[PDB]
Amino acid sequence: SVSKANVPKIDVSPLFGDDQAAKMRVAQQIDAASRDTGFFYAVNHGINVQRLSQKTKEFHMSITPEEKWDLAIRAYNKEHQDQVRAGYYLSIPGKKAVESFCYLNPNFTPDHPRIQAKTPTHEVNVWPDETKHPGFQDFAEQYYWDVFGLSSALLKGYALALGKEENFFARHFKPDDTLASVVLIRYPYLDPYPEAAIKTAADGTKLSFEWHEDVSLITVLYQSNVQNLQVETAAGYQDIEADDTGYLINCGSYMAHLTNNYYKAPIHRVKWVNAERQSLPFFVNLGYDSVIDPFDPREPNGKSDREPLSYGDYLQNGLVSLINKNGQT
Ligand SMILES: C=C[C@@H](NC(=O)[C@H](CS)NC(=O)CCC[C@H](N)C(=O)O)C(=O)O
Ligand SMILES: [Fe+2]
């Protein structure tokens, strides 16, 4: 058998309040999870996830090929040279099943200083026509701030977990400059299913997306109720069970870096399953100039020999490395 990953459910609600001991008890849980398989479900998070999946379903189901081309990233539309991150990621019938729509900080506007300076990884979001998708852009911008709020709370948990004051991570995660993204991903049911869209792992397992570590500080993921994820352990891959009421949380490689690998970025992969489903990750990224000084929780003195790494640079390299290893999504 493929075994089952232990993915605890952590009530994160005290992270929004002022009961300091209760926050430490949430922190310990985040610590235990981060040192084990590296995944947990955040429960009692305060976000309406039923409204999230609904609005996301309307959008993916009603968008037309015309509109997809209008919103297409550079990978799919030569005319959109500025769209590296934000825009539509098209499926290719017969070949590629997954499709998605990525958007960035809504404060990135033409008169935002990083946009005026043409800084790498900052882009102005593109949206569909309001009349064809009424309320979608309002829904998505508000979602961005909702999951922003949740992530800030989670980062207070991680900071306490590592013995730091609660603002250690969160001080660098700001509405004005955060490079965080939301990706609205559709995995379709297809019959017959395109072979080119299925990968075979060394271990024989059929996959939608190969093994990887996330490019992020942490990743805050909502998915519908179809079991698909696996995490790598010394004993091989273990299945991560679905929970469409919670947020699945894990560390990305920037956390692994900062902590001298004390909190690993868990390697994980996406099994092929022939079922309609949604995956809505929020990648918790900092500001372009954010630097956190690496440290080592194992050492009495906490000292690390690792270089501080600037977030904008880490992100740029990471996104490029991911496309190279696992392909254009
Ligand atoms: C997180 C789940 C999802 N995986 C993925 O999307 C894979 C592995 S996390 N990640 C990516 O492609 C990084 C997208 C970054 C985004 N465009 C941005 O510019 O910030 C899946 O379900 O395949
Ligand atoms: Fe991932």
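For this deposited structure, the header cites X-ray crystallography as the method used and 2.50 Å as the resolution.

As recorded by the PDB entry, the protein chain carries the name ISOPENICILLIN N SYNTHASE and is attributed to Emericella nidulans. The PDB lists this entry under the title "Isopenicillin N synthase with substrate analogue L,L,D-ACd2Ab (unexposed)". Note on the protein chain: under the UniProt heading Pathway, the record states "Antibiotic biosynthesis; penicillin G biosynthesis; penicillin G from L-alpha-aminoadipate and L-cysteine and L-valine: step 2/3." Recorded under Subunit, the UniProt text for the protein chain is reproduced unchanged: "Monomer."

Surveying the vicinity of ligand 1 reveals 16 residues, the closest of which are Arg85, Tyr89, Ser181, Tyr187 and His212. Here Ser181 contributes a side-chain N or O atom positioned 2.7 Å from an oxygen atom of ligand 1. In the model, an oxygen atom of ligand 1 is placed 2.6 Å from a nitrogen or oxygen of the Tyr187 side chain. Contact with the protein chains covers 90% of the free accessible surface of ligand 1, which is 570 Å². Every element with two or more residues in the shell around ligand 1 is listed here: β5 (181-187), β7 (206-212), β13 (277-284) and α8 (311-326).

The next thing to look at is the packing of aromatic side chains. Each aromatic ring pair is described using two quantities: the centre-to-centre distance and the angle formed by the ring planes. Counted under the stated rule, the structure contains 24 aromatic pairs. Through a chain of ring-to-ring contacts, three or more aromatic side chains come together here, namely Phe59, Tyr88, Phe101, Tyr103, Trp127, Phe136, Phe139, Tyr144, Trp145, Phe148, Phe173 and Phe282. Over the ring of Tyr237 we find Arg269, and its NZ or CZ is 3.6 Å from the ring centre.

Pairs can form between side chains of opposite charge once their charged atoms are near each other. Inspection of every chain in the model, using the stated rule, returns eleven salt bridges. We note a salt bridge from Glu166 to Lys23, for which the minimum N-O separation is 2.8 Å. One end of the pair, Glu166, is in the loop between α5 (136-161) and α6 (167-170); the other, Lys23, is in helix α1 (residues 20-35), and 143 residues separate them in sequence. We classify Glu166 as partly exposed; its relative accessible area is 22%. A relative accessible area of 3% places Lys23 in the buried class. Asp289 is paired through a salt bridge with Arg114; the nearest N and O atoms lie 2.5 Å apart. With a gap of 175 residues between them, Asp289 in the loop between β13 and β14 (291-292) and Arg114 in helix α4 (residues 113-116) connect regions that are remote in the sequence. With a relative accessible area of 53%, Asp289 lands in the exposed category.

Rules and cut-offs
- Residues numbered from 1 in each chain as written, not as in the entry; some residues may be left out.
- Chains lettered and ligands numbered in written order.
- Heavy atoms only, no water.
- Residues with missing side-chain atoms left out of burial classes, pairs and counts.
- UniProt positions renumbered as here; feature names shortened; annotations may be inferred.
- Near = heavy atom within 4 Å.
- Polar contact = N/O pair within 3.5 Å; in protein donor to acceptor, adjacent residues only side chain to side chain.
- Areas by Shrake-Rupley, 256 points an atom, 1.4 Å probe, with all protein chains shown as cover.
- Helix = DSSP H or I, 4+ residues; strand = E, 2+ residues; numbered from the N terminus.
- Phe/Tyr/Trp six-rings, centres within 6.5 Å; stacked < 30°, edge-to-face > 60°.
- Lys NZ or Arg CZ within 6 Å of the ring centre and 35° of its normal.
- Salt bridge = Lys/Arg side-chain N within 4 Å of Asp/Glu carboxyl O.
- Buried < 20%, exposed > 50% of the residue type's maximum accessible area, 1.4 Å probe, protein only.

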